[PDB]
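Participant: Sharing a structure, written as C-alpha cells. Questions coming.
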Amino acid sequence: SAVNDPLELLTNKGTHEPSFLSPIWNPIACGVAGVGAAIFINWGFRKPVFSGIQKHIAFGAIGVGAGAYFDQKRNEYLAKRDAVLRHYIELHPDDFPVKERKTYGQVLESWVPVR
Amino acid sequence: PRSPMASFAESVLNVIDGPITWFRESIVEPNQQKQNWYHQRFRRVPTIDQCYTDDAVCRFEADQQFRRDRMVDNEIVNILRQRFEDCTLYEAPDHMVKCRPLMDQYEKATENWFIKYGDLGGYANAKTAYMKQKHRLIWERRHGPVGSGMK
Amino acid sequence: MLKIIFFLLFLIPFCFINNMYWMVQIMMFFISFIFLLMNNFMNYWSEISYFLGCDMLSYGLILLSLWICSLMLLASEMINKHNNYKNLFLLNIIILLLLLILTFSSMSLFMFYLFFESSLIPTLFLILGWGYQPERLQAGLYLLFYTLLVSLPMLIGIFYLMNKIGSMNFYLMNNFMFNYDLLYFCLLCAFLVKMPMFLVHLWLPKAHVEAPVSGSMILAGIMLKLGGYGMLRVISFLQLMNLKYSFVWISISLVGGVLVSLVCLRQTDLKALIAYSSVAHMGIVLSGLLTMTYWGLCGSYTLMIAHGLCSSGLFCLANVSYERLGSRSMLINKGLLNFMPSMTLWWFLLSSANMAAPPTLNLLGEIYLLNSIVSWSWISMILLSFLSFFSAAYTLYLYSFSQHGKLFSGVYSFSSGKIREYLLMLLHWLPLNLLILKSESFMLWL
Amino acid sequence: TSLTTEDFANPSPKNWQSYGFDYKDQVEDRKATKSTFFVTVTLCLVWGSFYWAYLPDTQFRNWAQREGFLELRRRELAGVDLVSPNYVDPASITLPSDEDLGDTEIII
Amino acid sequence: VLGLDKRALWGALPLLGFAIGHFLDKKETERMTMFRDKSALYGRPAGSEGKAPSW
Amino acid sequence: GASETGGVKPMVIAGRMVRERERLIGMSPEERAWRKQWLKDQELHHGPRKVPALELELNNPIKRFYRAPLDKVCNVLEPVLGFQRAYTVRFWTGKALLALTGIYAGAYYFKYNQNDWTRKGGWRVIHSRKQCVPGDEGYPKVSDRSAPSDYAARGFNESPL
C-alpha cells in the first residue's frame, strides 16, 4: 500500500516461510560441535580418535539437547522483542507518524556525470 | 567466361561446390528433423518514475528493463554503422555520394544514444538515466538547448 | 551454489587419510569442471542460498581461484616428496579455498569483509610453515600488518553504512550516494593497499620473494584481486566522492607504474622482478577502475583474471629454476635454454603474455583500461606510453637474461624438467588464450 | 658398477624414471599421472570448452541482435527517431517549476 | 586409462557432499514461491493460467 | 626407488680443457693425454641404433591406429621404391589428404553456416561489387541496393518474422 505505517511494518502475517536449515541448524551445529570436541580429547591424549565412542555420543547428545533448549528460548526473546517495539509504537503515535511514500516523479536529486 | 583464367576459375568453383551441395542434399538435410524455435517477448514494465523511493522490487524491475533496452539501443547503432560500413564497400570508388545519407542516419542515432545513455559510465541504472533527463530538461527551458551556454 | 561449498567441506577429511595427496587435486579439479557447467549468470545476483549468490563478476573470480588453487597442489609436489607436514599443508589450502569461495560468493558487504581478511590467516600459516629463507618472519608480519592496519578501519566504515542504508546487500547500497570525505578513505584506502598502490606496496616484494611457490601463486593470484574485486563493488555508491580525489590515485598509480618498471630493470632476483611486475600492471588496473567508465570497469575485471593466471604462471617457472640451481638470483640463472630447452618455450609464452602480447586475454583487458584512461584525460598518454614501453623492457630482460646467455660455471648436476612441470605450465597459459574465444562471459559483468 | 656395452643396450626394466608425481612407488607415479591428465585435459579443457561453445544464450546478446533488427525495422517504418533521446517521454514528465528549485544546483 | 584405484572409492564422500549441497539449494528454490509467475516481466496473464507453474 | 639417472652415476669428465682459454695458458702432460682421449671418444663409428621400446613409448594407442591404415601402403610400397621414397609417398598422400578435406569443410562452412542476423558470432562476409565491363551482361549495370534496408541485411530481409 501507499502508506508507511510503522506498526504495519512490524506486524507479522505468516507469509514468510523459515528456511529448511533454520529449525535444525542449531541442533545439528551443536551436535557436530560436541562430537568434534570429543575428537580433540582423544587426539590430545594420543588416543585413537574414534576410541571410546561413549564420550562422542554424550558430547553429541549433550550438544543437541543444549542447542534445542537455547534455540527454544531464542525465539521467545525475539518474539518478546518485537512485542516491545509494537507496544512502544502504539503508545507514541506522534513520534512515529504515518508518512507518505514519495516516488521518483516528485523528487529531484543529483546525479554523478562521470565524463 | 571470356577470359582464359576465368574459364579455369569456374572449373574449380564447380569442383568445390559440387560435393558440398551433394553432401548437404544427400546426408545432412534429408536426415534432419523438423523443429521450431521462437523469439523472447518482454512485456513492458513500469518505468522508474512510478517506483516508490522505498520499494526495491519495482526498482529492480525497471533497472533490468533499462538494461535490456540499452542493449537494443546499443546495437541499433551498431546496425546503422554496418549499413554505412557496407555501402562504403559496395559503392566505391563513388561511395561518398551514397554513404553520405547513411552516415547522416548514423550520426543522429549516436547523439540520441549519447543524450540518453551517455556520460553515465558503468553502474548506469534506471534511476541515474531518468535523473539526467530531469536535469537536462530543466536546463533546456532555462538556458535553451545545450551548446548555446548559459544566460 | 551450496553444491560447491559442501563439496569442499566433505573433502576436508581427505587431508587426514594418508596417501591421499594426489586424490585431492582430482577432487579439486573435478569440482572446477562441475562449477564450469553452471554458468548461467547475469549482472544481477543469481542462485540464492541463504546468503550466497553469484553474478558474472563473482563467477569468473571464483572460477579463477578454483583453477589456481588446484594448480597450487601440482606446483607444490615437493611437499609431498618430503612428507613435510603434507596433511596440514592440504588442510591449509582447502580451508583457504573455502574462504575465497565465500568471499566472492557473499552477497552482503559485511560478509565480503568477514571472509576478505579471514583468508589471510591461512595464507600467513602458509608462508611461515613452508618457506625456506629466514626472512619469512620479517615478510610474514608485513603481509599481516599492512592488511590488518588498513582493514580494521574499514570495519568501521562498513558499520556506519548500516545506520544509513539499513542493510549490507550490494544491490540496496547502490541506491545511495554518500558525501562524507572520510568514509571514502575508509573503503578505498583499505583496498588501495591490497592492490597494491605504488607507495604502499612495500609488503608485496617481501611477501612474494619469501613465500613458498604455492604461497606465491595465491598471493599473486587471488590476494591482489580481493582488493580489486572489493573496489568494483564499493565505487558504485562512492561515485560523487570519487570525482574529487580520483586524480590523486590515478597520478600515483600511473607514475607509480613507470617508476616501478625502472625498478624492475635494476632488480637481480627472479622472484623480486616478477613481484614488482605485479605492481606495474596492477597500477593500470586500479587506474582504469577509478576512471569508472564502462570500458575501464569491464577491462579491469578482465585484466585481473588474465594477470593472475600469468603472474601465477611466472612464479611456477622461477620455482622450477630455483629448485635446481638452488639460487633465485639472475646471475646464477643464465642460459637455461641450454640446460632445459623444452622449458624455455613456456618461459616465453608466459613472459609474452605479461607484456600484453596477443592473442592472450591479457591484451584484451589492457586495450580497454588504456581506452578509459585516455578518455579520462589526454595528458595520460605520456606515461601510459612509457609504462607500456617499459612493461616490455623488463619482461625481455627477465626472459632473455635468464634463458639466452652462456651457462653458469659453478652449477652442479641436476635433474631435467619433469612431465608434472610441463603440465603445470600448460594449464596456466593455455586457458589464458582460449578464454579470448568466450570473453563474452568473463568481460560483460556490467 | 662397471656396466657393459649391453647393459646400456638392453634396458633393465628394474629401475624407473619418475614423471614428477611420485619418487617411491612406480605404479603410483604412473597412476597419478594418468588420472591427473584425464580430469585436467579430457574434461576441463576438451569437454569444458565444447560445452562452453554450445552454452545457451544467457547474456541476451544474441537475443538483442534480433531486437536490433526487428526494433529498427518497426521504428524506421514508424517515423520515429531510430534511438529515442528520452528515457521517458518529456511531456509525461512533470518538471518542478523554477520557484520550487530555489537555487538547487543543476548539472548536465 | 583413468589410472584410478580403490583409494578413489573415498571420493564418494565428497560426491555425497555434492548431492546434499544440491538438495538444500533445490529445497531453497521451493521456498521461493511468492513472485513465482507473478512478476510484471514474466507474470502469467490474468485468467486461464497453466496448471503447473513454470520453474 | 626412482633413479632419474638410471644408476649411471652423473659426473663431469672433460675437466678444465673444455674452455679454450684454460687450454692455451697451459696443460700438464696428463691433461693433454686426457684431453686427447676425450675427443677420440666423441667419434661415433655407427649411426644411432633403433630401439623398439621408444617407438611404442612415444606413440599413444590412438595415434598407432589413427595412422595404421596409411602405414599399410607404406608397407606395401616400401619394397617397390625403397623405404625413403615410399615413406615420402606415405607422408604426402596423407598430409595432403587432410588439406583437401580441410578446404571442403571450410568451403562448406562459408556456404551454409555463415553468420546471419539470428546470431552474433560466426564469420560475416560483406563482398563488394564486381567490375562490370563491356561484353558482360547488361553493361549499364547499377547497384541494386538503393534503400538503406538493402545494406547489411545479413539475411534479415528474407526472415519470416
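Just so we're on the same page: first chain in the C-alpha cells is A, next is B, and so on; residues restart at 1 for each chain, and ligands are numbered from 1 in the order they show up.
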Compile the contact shell of residue 17 in chain B as a short mmCIF file (atom, residue, chain, number, x, y, z; two decimals) with C-alpha atoms, in the first residue's frame: residues with an atom at most 10 Å away, counting only C-alpha atoms, same-chain residues fewer than 4 positions apart removed.
Facilitator:
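Saved to around.cif:
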```cif
data_model
loop_
_atom_site.label_atom_id
_atom_site.label_comp_id
_atom_site.auth_asym_id
_atom_site.auth_seq_id
_atom_site.Cartn_x
_atom_site.Cartn_y
_atom_site.Cartn_z
CA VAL B 12 37.44 -25.07 -59.64
CA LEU B 13 34.28 -23.46 -58.26
CA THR B 21 25.88 -29.28 -52.24
CA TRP B 22 25.54 -33.01 -52.78
CA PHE B 23 26.71 -33.72 -49.23
CA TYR F 104 35.89 -28.71 -48.26
CA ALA F 107 34.09 -24.30 -48.24
CA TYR F 108 31.05 -25.94 -46.66
CA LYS F 111 28.15 -21.65 -47.71
#
```
Participant: Find the residues of chain B in contact range of chain E, meaning any atom within 8 Å when counting only C-alpha atoms, and list them as a list in words.
Facilitator: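 Using only C-alpha atoms, chain B residues at most 8 Å from chain E: residues 42, 43, 44, 45 and 61 of chain B.
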Participant: Write the residues you've just listed into a file as a PDB file, in the first residue's frame, and include C-alpha atoms for each of them.
Facilitator:
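This went into selection_33.pdb:
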```
ATOM      1  CA  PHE B  42       9.120  -8.941 -22.869  1.00  0.00           C
ATOM      2  CA  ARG B  43       6.016  -7.181 -21.592  1.00  0.00           C
ATOM      3  CA  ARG B  44       6.791  -3.532 -20.935  1.00  0.00           C
ATOM      4  CA  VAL B  45       7.032  -2.828 -17.210  1.00  0.00           C
ATOM      5  CA  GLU B  61      12.098  -4.410 -12.371  1.00  0.00           C
TER       6      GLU B  61
END
```
Participant: Distance CA of residue 96 in chain B-CA of residue 115 in chain F, one decimal place?
Facilitator: 27.6 Å
Participant: Calculated over only C-alpha atoms, which of the candidates B:38, B:123, B:117, B:84 has the smallest distance to residue 292 in chain C?
Facilitator: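 Distance minimum relative to residue 292 in chain C lands on B:123.
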Participant: Show me, as a compact mmCIF listing (two decimals) with N, CA, C and O atoms, in the first residue's frame, the residues that have an atom within 10 Å of range 88-96 of chain F when counting only C-alpha atoms, minus same-chain residues fewer than 6 positions from it.
Facilitator:
```txt
# COMPACT_ATOMS: atom_id res chain seq x y z
N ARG F 67 46.93 -43.66 -37.60
CA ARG F 67 47.86 -43.74 -38.72
C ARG F 67 47.98 -45.13 -39.32
O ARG F 67 48.50 -45.26 -40.43
N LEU F 70 47.25 -45.83 -43.40
CA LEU F 70 48.21 -45.35 -44.38
C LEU F 70 49.60 -45.92 -44.18
O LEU F 70 50.43 -45.81 -45.07
N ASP F 71 49.87 -46.54 -43.03
CA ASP F 71 51.13 -47.25 -42.88
C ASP F 71 51.10 -48.62 -43.55
O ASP F 71 52.14 -49.27 -43.66
N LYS F 72 49.93 -49.06 -44.01
CA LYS F 72 49.85 -50.27 -44.81
C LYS F 72 50.30 -50.03 -46.23
O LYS F 72 50.91 -50.91 -46.85
N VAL F 73 50.02 -48.84 -46.78
CA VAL F 73 50.54 -48.51 -48.10
C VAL F 73 52.03 -48.22 -48.05
O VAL F 73 52.74 -48.41 -49.04
N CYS F 74 52.53 -47.74 -46.91
CA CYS F 74 53.98 -47.65 -46.74
C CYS F 74 54.61 -49.03 -46.71
O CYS F 74 55.69 -49.23 -47.27
N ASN F 75 53.96 -49.99 -46.07
CA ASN F 75 54.47 -51.35 -46.05
C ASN F 75 54.34 -52.02 -47.41
O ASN F 75 55.18 -52.85 -47.78
N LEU F 77 54.40 -50.46 -50.44
CA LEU F 77 55.24 -49.83 -51.45
C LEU F 77 56.72 -49.79 -51.07
O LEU F 77 57.56 -49.60 -51.95
N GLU F 78 57.05 -49.98 -49.79
CA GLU F 78 58.44 -49.85 -49.39
C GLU F 78 59.39 -50.85 -50.06
O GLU F 78 60.58 -50.53 -50.16
N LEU F 81 59.98 -49.08 -54.04
CA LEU F 81 60.71 -47.85 -54.30
C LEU F 81 61.83 -47.57 -53.31
O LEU F 81 62.57 -46.60 -53.50
N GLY F 102 40.35 -30.29 -45.64
CA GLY F 102 40.33 -29.02 -44.94
C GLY F 102 39.60 -27.94 -45.71
O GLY F 102 38.83 -27.17 -45.14
```
Participant: Please identify the strand (DSSP E or B) residues within chain A (assignment by DSSP from backbone atoms) and present them as a PDB file with N, CA and C atoms, in the first residue's frame.
Facilitator:
```pdb
ATOM      1  N   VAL A   3       0.866   3.642   1.982  1.00  0.00           N
ATOM      2  CA  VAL A   3       1.044   4.167   3.328  1.00  0.00           C
ATOM      3  C   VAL A   3       2.300   3.565   3.941  1.00  0.00           C
ATOM      4  N   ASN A   4       2.960   4.335   4.804  1.00  0.00           N
ATOM      5  CA  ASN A   4       4.063   3.848   5.633  1.00  0.00           C
ATOM      6  C   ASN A   4       3.620   3.945   7.087  1.00  0.00           C
ATOM      7  N   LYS A  99       3.860   8.361   7.355  1.00  0.00           N
ATOM      8  CA  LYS A  99       4.443   9.186   6.310  1.00  0.00           C
ATOM      9  C   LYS A  99       4.010   8.663   4.950  1.00  0.00           C
ATOM     10  N   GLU A 100       3.896   9.574   3.993  1.00  0.00           N
ATOM     11  CA  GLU A 100       3.503   9.212   2.643  1.00  0.00           C
ATOM     12  C   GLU A 100       4.726   8.796   1.838  1.00  0.00           C
ATOM     13  N   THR A 103       7.453   8.990  -4.736  1.00  0.00           N
ATOM     14  CA  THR A 103       8.015   8.281  -5.873  1.00  0.00           C
ATOM     15  C   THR A 103       8.912   9.227  -6.652  1.00  0.00           C
TER      16      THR A 103
END
```
Participant: Got a sec to pull out which chain D residues are within 12 Å of chain A, counting only C-alpha atoms, and send them as an NGL selection string?
Facilitator: :D and (88 or 92-97 or 100-101 or 104-108)
Participant: Deliver the residues from the most recent selection as a file, using N, CA and C atoms, as a PDB file, in the first residue's frame.
Facilitator:
```pdb
ATOM      1  N   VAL D  88      11.980   8.490 -20.686  1.00  0.00           N
ATOM      2  CA  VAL D  88      10.527   8.566 -20.724  1.00  0.00           C
ATOM      3  C   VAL D  88      10.175   9.845 -21.460  1.00  0.00           C
ATOM      4  N   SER D  92       5.360  13.519 -20.582  1.00  0.00           N
ATOM      5  CA  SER D  92       4.916  12.752 -19.424  1.00  0.00           C
ATOM      6  C   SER D  92       5.554  13.261 -18.137  1.00  0.00           C
ATOM      7  N   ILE D  93       6.801  13.725 -18.210  1.00  0.00           N
ATOM      8  CA  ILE D  93       7.489  14.223 -17.028  1.00  0.00           C
ATOM      9  C   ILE D  93       6.794  15.480 -16.520  1.00  0.00           C
ATOM     10  N   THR D  94       6.913  15.722 -15.216  1.00  0.00           N
ATOM     11  CA  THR D  94       6.394  16.924 -14.566  1.00  0.00           C
ATOM     12  C   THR D  94       7.576  17.672 -13.964  1.00  0.00           C
ATOM     13  N   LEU D  95       8.062  18.686 -14.666  1.00  0.00           N
ATOM     14  CA  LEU D  95       9.210  19.426 -14.169  1.00  0.00           C
ATOM     15  C   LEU D  95       8.832  20.178 -12.897  1.00  0.00           C
ATOM     16  N   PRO D  96       9.719  20.244 -11.903  1.00  0.00           N
ATOM     17  CA  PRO D  96       9.498  21.191 -10.801  1.00  0.00           C
ATOM     18  C   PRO D  96       9.739  22.611 -11.289  1.00  0.00           C
ATOM     19  N   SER D  97       8.691  23.429 -11.259  1.00  0.00           N
ATOM     20  CA  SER D  97       8.806  24.789 -11.762  1.00  0.00           C
ATOM     21  C   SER D  97       9.903  25.541 -11.015  1.00  0.00           C
ATOM     22  N   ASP D 100      10.081  26.284  -7.251  1.00  0.00           N
ATOM     23  CA  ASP D 100      10.319  25.121  -6.403  1.00  0.00           C
ATOM     24  C   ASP D 100      11.808  24.867  -6.218  1.00  0.00           C
ATOM     25  N   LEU D 101      12.595  25.026  -7.284  1.00  0.00           N
ATOM     26  CA  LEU D 101      14.012  24.685  -7.222  1.00  0.00           C
ATOM     27  C   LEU D 101      14.722  25.474  -6.132  1.00  0.00           C
ATOM     28  N   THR D 104      18.665  25.248  -6.405  1.00  0.00           N
ATOM     29  CA  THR D 104      19.280  23.928  -6.427  1.00  0.00           C
ATOM     30  C   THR D 104      20.237  23.821  -7.606  1.00  0.00           C
ATOM     31  N   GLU D 105      21.393  23.207  -7.373  1.00  0.00           N
ATOM     32  CA  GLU D 105      22.398  23.109  -8.421  1.00  0.00           C
ATOM     33  C   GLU D 105      21.931  22.165  -9.517  1.00  0.00           C
ATOM     34  N   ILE D 106      21.985  22.642 -10.757  1.00  0.00           N
ATOM     35  CA  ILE D 106      21.559  21.891 -11.929  1.00  0.00           C
ATOM     36  C   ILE D 106      22.790  21.590 -12.763  1.00  0.00           C
ATOM     37  N   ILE D 107      22.932  20.330 -13.164  1.00  0.00           N
ATOM     38  CA  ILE D 107      24.110  19.852 -13.866  1.00  0.00           C
ATOM     39  C   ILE D 107      23.673  19.121 -15.124  1.00  0.00           C
ATOM     40  N   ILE D 108      24.594  19.029 -16.074  1.00  0.00           N
ATOM     41  CA  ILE D 108      24.299  18.441 -17.371  1.00  0.00           C
ATOM     42  C   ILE D 108      25.170  17.216 -17.587  1.00  0.00           C
TER      43      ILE D 108
END
```
Participant: I'd like the neighbourhood of range 36-42 of chain A as a list in words, where a residue qualifies if any of its atoms comes within 8 Å (using only C-alpha atoms), though same-chain residues fewer than 5 positions away should be ignored.
Facilitator: residues 47, 48, 49, 50, 51, 55, 56 and 59 of chain A
Participant: Keeping only N, CA, C and O atoms, write the selected residues as an mmCIF file, in the first residue's frame.
Facilitator:
```
data_model
loop_
_atom_site.group_PDB
_atom_site.id
_atom_site.type_symbol
_atom_site.label_atom_id
_atom_site.label_comp_id
_atom_site.auth_asym_id
_atom_site.auth_seq_id
_atom_site.Cartn_x
_atom_site.Cartn_y
_atom_site.Cartn_z
ATOM 1 N N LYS A 47 45.130 -40.774 21.921
ATOM 2 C CA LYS A 47 44.280 -41.941 21.837
ATOM 3 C C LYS A 47 43.706 -42.049 20.434
ATOM 4 O O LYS A 47 43.611 -41.045 19.725
ATOM 5 N N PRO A 48 43.330 -43.237 19.971
ATOM 6 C CA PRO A 48 42.629 -43.319 18.686
ATOM 7 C C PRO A 48 41.379 -42.457 18.720
ATOM 8 O O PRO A 48 40.577 -42.538 19.650
ATOM 9 N N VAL A 49 41.219 -41.626 17.689
ATOM 10 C CA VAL A 49 40.222 -40.562 17.742
ATOM 11 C C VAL A 49 38.821 -41.121 17.922
ATOM 12 O O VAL A 49 37.970 -40.485 18.554
ATOM 13 N N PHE A 50 38.551 -42.302 17.382
ATOM 14 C CA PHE A 50 37.236 -42.916 17.490
ATOM 15 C C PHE A 50 37.166 -43.953 18.601
ATOM 16 O O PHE A 50 36.152 -44.643 18.727
ATOM 17 N N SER A 51 38.216 -44.075 19.407
ATOM 18 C CA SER A 51 38.153 -44.898 20.603
ATOM 19 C C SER A 51 37.268 -44.239 21.651
ATOM 20 O O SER A 51 37.191 -43.014 21.749
ATOM 21 N N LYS A 55 32.031 -41.215 24.902
ATOM 22 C CA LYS A 55 32.175 -39.780 25.098
ATOM 23 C C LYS A 55 31.703 -38.995 23.880
ATOM 24 O O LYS A 55 31.165 -37.895 24.029
ATOM 25 N N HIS A 56 31.899 -39.532 22.672
ATOM 26 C CA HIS A 56 31.381 -38.865 21.481
ATOM 27 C C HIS A 56 29.867 -38.754 21.534
ATOM 28 O O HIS A 56 29.301 -37.687 21.280
ATOM 29 N N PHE A 59 28.809 -36.153 24.228
ATOM 30 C CA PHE A 59 29.022 -34.778 23.793
ATOM 31 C C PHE A 59 28.101 -34.422 22.638
ATOM 32 O O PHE A 59 27.557 -33.314 22.587
#
```
Participant: Under the rule that only C-alpha atoms are counted, which of B:36, B:65, B:3, B:50 is the nearest residue to chain A?
Facilitator: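 Ranked by minimum distance to chain A, first place goes to B:50.
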Participant: For the atom pair CA of residue 137 in chain F and CA of residue 156 in chain F, what is the interatomic distance in Å to one decimal place?
Facilitator: 28.1 Å
Participant: Please identify all polymer residues within 7 Å of residue 75 in chain B, counting only C-alpha atoms, omitting same-chain residues fewer than 3 positions from it, and present them as a PyMOL selection string.
Facilitator: (chain B and resi 71-72+78-79) or (chain D and resi 65+68)
Participant: Set out as CSV a contact list for chain D and chain F with a cut-off of 8 Å, giving each residue of chain D that qualifies its closest atom pair and distance in Å to one decimal, counting only C-alpha atoms, ordered by chain and rising residue number.
Facilitator:
```
residue,atom,partner,partner_atom,distance
D:15,CA,F:6,CA,6.3
D:16,CA,F:2,CA,5.3
D:17,CA,F:4,CA,4.9
D:18,CA,F:2,CA,5.9
D:23,CA,F:2,CA,5.2
D:24,CA,F:1,CA,4.7
D:25,CA,F:1,CA,6.8
D:26,CA,F:2,CA,7.3
D:61,CA,F:120,CA,7.7
D:62,CA,F:119,CA,5.3
D:63,CA,F:118,CA,7.7
D:65,CA,F:118,CA,7.0
D:66,CA,F:118,CA,5.8
D:69,CA,F:156,CA,7.7
```
Participant: Those same residues - N, CA and C atoms - I'd like them written as a PDB file, in the first residue's frame.
Facilitator:
```pdb
ATOM      1  N   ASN D  15      65.016 -50.398 -12.645  1.00  0.00           N
ATOM      2  CA  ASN D  15      64.921 -49.008 -12.234  1.00  0.00           C
ATOM      3  C   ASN D  15      63.981 -48.267 -13.175  1.00  0.00           C
ATOM      4  N   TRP D  16      63.471 -47.139 -12.695  1.00  0.00           N
ATOM      5  CA  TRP D  16      62.475 -46.370 -13.421  1.00  0.00           C
ATOM      6  C   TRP D  16      62.721 -44.893 -13.184  1.00  0.00           C
ATOM      7  N   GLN D  17      62.261 -44.083 -14.128  1.00  0.00           N
ATOM      8  CA  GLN D  17      62.357 -42.636 -14.041  1.00  0.00           C
ATOM      9  C   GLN D  17      60.974 -42.073 -13.772  1.00  0.00           C
ATOM     10  N   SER D  18      60.891 -41.145 -12.827  1.00  0.00           N
ATOM     11  CA  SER D  18      59.608 -40.653 -12.353  1.00  0.00           C
ATOM     12  C   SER D  18      59.123 -39.490 -13.199  1.00  0.00           C
ATOM     13  N   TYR D  23      58.119 -40.529  -6.322  1.00  0.00           N
ATOM     14  CA  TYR D  23      59.506 -40.955  -6.426  1.00  0.00           C
ATOM     15  C   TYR D  23      59.782 -42.268  -5.708  1.00  0.00           C
ATOM     16  N   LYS D  24      58.758 -42.927  -5.169  1.00  0.00           N
ATOM     17  CA  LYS D  24      58.941 -44.123  -4.360  1.00  0.00           C
ATOM     18  C   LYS D  24      58.270 -45.346  -4.961  1.00  0.00           C
ATOM     19  N   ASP D  25      57.020 -45.223  -5.388  1.00  0.00           N
ATOM     20  CA  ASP D  25      56.227 -46.350  -5.864  1.00  0.00           C
ATOM     21  C   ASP D  25      55.949 -46.141  -7.346  1.00  0.00           C
ATOM     22  N   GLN D  26      56.523 -47.005  -8.183  1.00  0.00           N
ATOM     23  CA  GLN D  26      56.464 -46.788  -9.623  1.00  0.00           C
ATOM     24  C   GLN D  26      55.029 -46.788 -10.125  1.00  0.00           C
ATOM     25  N   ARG D  61      22.546 -11.487 -25.531  1.00  0.00           N
ATOM     26  CA  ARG D  61      23.247 -10.726 -26.554  1.00  0.00           C
ATOM     27  C   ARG D  61      22.854 -11.147 -27.958  1.00  0.00           C
ATOM     28  N   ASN D  62      22.731 -12.449 -28.217  1.00  0.00           N
ATOM     29  CA  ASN D  62      22.129 -12.873 -29.472  1.00  0.00           C
ATOM     30  C   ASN D  62      20.697 -12.381 -29.566  1.00  0.00           C
ATOM     31  N   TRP D  63      19.953 -12.467 -28.466  1.00  0.00           N
ATOM     32  CA  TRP D  63      18.569 -12.021 -28.483  1.00  0.00           C
ATOM     33  C   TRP D  63      18.480 -10.554 -28.850  1.00  0.00           C
ATOM     34  N   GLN D  65      20.458  -8.720 -30.746  1.00  0.00           N
ATOM     35  CA  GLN D  65      20.680  -8.515 -32.173  1.00  0.00           C
ATOM     36  C   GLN D  65      19.419  -8.790 -32.967  1.00  0.00           C
ATOM     37  N   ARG D  66      18.637  -9.774 -32.544  1.00  0.00           N
ATOM     38  CA  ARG D  66      17.341  -9.967 -33.170  1.00  0.00           C
ATOM     39  C   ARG D  66      16.445  -8.761 -32.934  1.00  0.00           C
ATOM     40  N   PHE D  69      17.318  -5.628 -35.055  1.00  0.00           N
ATOM     41  CA  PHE D  69      16.811  -5.643 -36.416  1.00  0.00           C
ATOM     42  C   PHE D  69      15.306  -5.415 -36.453  1.00  0.00           C
TER      43      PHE D  69
END
```
Participant: Quick one: distance from CA of residue 56 in chain F to CA of residue 41 in chain D in Å, one decimal?
Facilitator: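 A separation of 22.1 Å between them.
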Participant: Please find the residues of chain C near chain F - the criterion being any atom within 12 Å, counting only C-alpha atoms - and write them as a PyMOL selection string.
Facilitator: chain C and resi 81+409-418+437-438+440
Participant: For the selection just defined, write its residues with N, CA, C and O atoms to a file, as a tab-separated table (two decimals), in the first residue's frame.
Facilitator:
```tsv
chain	number	residue	atom	x	y	z
C	81	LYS	N	56.84	-34.94	-1.74
C	81	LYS	CA	58.03	-35.75	-1.89
C	81	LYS	C	58.77	-35.93	-0.57
C	81	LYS	O	59.38	-36.97	-0.34
C	409	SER	N	78.86	-21.44	-14.54
C	409	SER	CA	80.03	-22.31	-14.43
C	409	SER	C	80.00	-23.19	-13.20
C	409	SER	O	80.36	-24.37	-13.28
C	410	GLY	N	79.59	-22.66	-12.06
C	410	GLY	CA	79.65	-23.42	-10.82
C	410	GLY	C	78.52	-24.40	-10.60
C	410	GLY	O	78.60	-25.20	-9.67
C	411	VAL	N	77.47	-24.35	-11.42
C	411	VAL	CA	76.30	-25.18	-11.17
C	411	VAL	C	76.68	-26.66	-11.18
C	411	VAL	O	77.44	-27.12	-12.02
C	412	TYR	N	76.13	-27.39	-10.21
C	412	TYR	CA	76.29	-28.83	-10.14
C	412	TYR	C	75.17	-29.53	-10.89
C	412	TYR	O	74.15	-28.93	-11.22
C	413	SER	N	75.34	-30.82	-11.13
C	413	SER	CA	74.38	-31.56	-11.94
C	413	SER	C	73.03	-31.61	-11.25
C	413	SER	O	72.94	-31.73	-10.03
C	414	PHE	N	71.96	-31.52	-12.05
C	414	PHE	CA	70.61	-31.52	-11.52
C	414	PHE	C	69.69	-32.17	-12.54
C	414	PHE	O	70.01	-32.28	-13.72
C	415	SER	N	68.52	-32.59	-12.06
C	415	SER	CA	67.55	-33.26	-12.91
C	415	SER	C	67.05	-32.33	-14.01
C	415	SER	O	67.15	-31.11	-13.91
C	416	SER	N	66.50	-32.91	-15.06
C	416	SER	CA	65.86	-32.12	-16.09
C	416	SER	C	64.38	-31.95	-15.77
C	416	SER	O	63.85	-32.51	-14.81
C	417	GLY	N	63.70	-31.15	-16.59
C	417	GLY	CA	62.30	-30.89	-16.36
C	417	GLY	C	61.47	-32.16	-16.43
C	417	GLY	O	61.76	-33.06	-17.23
C	418	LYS	N	60.45	-32.24	-15.59
C	418	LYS	CA	59.59	-33.40	-15.49
C	418	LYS	C	58.23	-33.10	-16.11
C	418	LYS	O	57.87	-31.95	-16.35
C	437	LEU	N	38.17	-16.61	-26.74
C	437	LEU	CA	37.04	-17.03	-27.55
C	437	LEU	C	35.72	-16.70	-26.86
C	437	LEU	O	34.77	-16.26	-27.51
C	438	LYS	N	35.66	-16.91	-25.55
C	438	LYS	CA	34.45	-16.68	-24.78
C	438	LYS	C	34.65	-15.55	-23.78
C	438	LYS	O	34.20	-15.62	-22.64
C	440	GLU	N	33.06	-13.05	-24.07
C	440	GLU	CA	31.65	-12.73	-23.88
C	440	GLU	C	31.24	-12.84	-22.42
C	440	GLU	O	30.56	-11.96	-21.88
```
Participant: In range 2-120 of chain B, what's alpha helix (DSSP H) per DSSP? Answer as a PyMOL selection string?
Facilitator: chain B and resi 4-23+29-31+57-90+96-116
Participant: When you look at residue 237 in chain C with a cut-off of 7 Å (counting only C-alpha atoms), what residues show up, excluding the ones that are within fewer than 5 positions of it in the same chain? I need them as a JSON list (two decimals) with N, CA and C atoms, in the first residue's frame.
Facilitator:
```json
[["chain", "number", "residue", "atom", "x", "y", "z"],
["C", 173, "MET", "N", 22.70, -1.07, -1.63],
["C", 173, "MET", "CA", 23.63, 0.02, -1.37],
["C", 173, "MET", "C", 23.72, 0.96, -2.56],
["C", 174, "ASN", "N", 23.63, 0.44, -3.78],
["C", 174, "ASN", "CA", 23.84, 1.26, -4.96],
["C", 174, "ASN", "C", 22.83, 2.38, -5.08],
["C", 176, "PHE", "N", 22.21, 4.60, -2.99],
["C", 176, "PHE", "CA", 22.67, 5.75, -2.22],
["C", 176, "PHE", "C", 23.95, 6.31, -2.81],
["C", 177, "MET", "N", 24.18, 7.60, -2.57],
["C", 177, "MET", "CA", 25.44, 8.25, -2.89],
["C", 177, "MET", "C", 25.84, 9.09, -1.69],
["C", 178, "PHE", "N", 27.02, 8.81, -1.15],
["C", 178, "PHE", "CA", 27.47, 9.44, 0.08],
["C", 178, "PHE", "C", 28.41, 10.59, -0.22]]
```
